[PDB]
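Starting off, we have a lone chain in the form deposited in one PDB entry, written out as structure tokens.
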């Protein structure tokens, strides 16, 4: 008799792939937490007078402040095993910035020939940048204090070190305790030479299996990903067979007929792309879990795109029924005029973006970059953050009243014009009908 459709295999995919994603997601979350919490601690350990939330406004304004910040950072590094809870370890760095047997590297980076002399208006500068590094060795368990800074020639000051730690959060997830090495860089940046030196701390973790994990009680994830590979490979073969058979029938139709370029359903192309991205992502995740490679951005993006493109196959299966099909056809027929209107709205929107960036960039905090301007305008179209924009512009009414008037006209015209255009677009879409 009539055999049933093997499309149930895809119903497996929507389940199986999704489960994989969830599992991966959970694990990934834990890791990022362990990376973020540590970073917070490092700030509180190494940044003098640091408080939560003061990340972008944290800076030094006097020479004494800079000296105390640097000395506090180095002293807290030297006194880490006594004052810090968390069981960090020194690395005795043998890389490029550190010599063979040094833990911390305080490097002051400044111009070679710099004679800045206001009150006469003369100056000669050689943009070539020299770097002077003082190496400090971890406590056993000295000369960093005698450090001049040359504030007139200063470009930046950087502190580099590393700390090895053991991730004990795995036991909650029944994993074998993971194993980290954090590279910490503290930068006092004087690029602007404006009298304000921002201070920041950044970290980079290098996850690696450590030597002897003698954990008690110490085969499901590894089998799950190969199951994903098998199912996705099966779909690839089946969809490729459909693509070939359809193309053969189209090839005969070419001579027969001798919209014609569209004889293949894009659903199979979507499924093929989903399988390709799921297989690439799952191989990358196999490598990530094995610790042989560390790139969690590409793998997550691939898996998420695969999951989304797989959840559009449910719409594919919904099309079958007439009731859903009518609405889907209405969507499909509405699309082209929407794109056509979007072209003209886009050129007006680009013009407004350029004007807003060039005029309100100096004064408005929300117009600093072109991407920020586009985001602000897009959110303003949908009715978000309108009053905060108006109030941010009102805060500078005392200075450059002409700029304030132009901003008022610009914002009012943009909002009114774009709401009007959407409504007109549709009364056309209710007439054509």
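Basically, rigid core = biggest C-alpha set you can superpose within 1.5 Å across the two forms. Numbering follows the first chain given and starts at 1.
> Residues without coordinates, deposited sequence, stretch from residue 258 to residue 259: is the count none, 1 to 3, 4 to 9, or 10 or more?
Count of unmodelled residues in between: 10 or more.
> In terms of residues present in the deposited sequence but not modelled, what lies between residue 141 and residue 142: none, 1 to 3, 4 to 9, or 10 or more?
10 or more residues lack coordinates between residue 141 and residue 142.
Note that the form deposited in another entry isn't included here; everything after this is about it.
> Just one of 422, 19, 417, 11 has a CA that shifts 2 Å or more between this form and the one not shown on a core fit; which is it?
One residue passes the 2 Å cut-off, namely 422.
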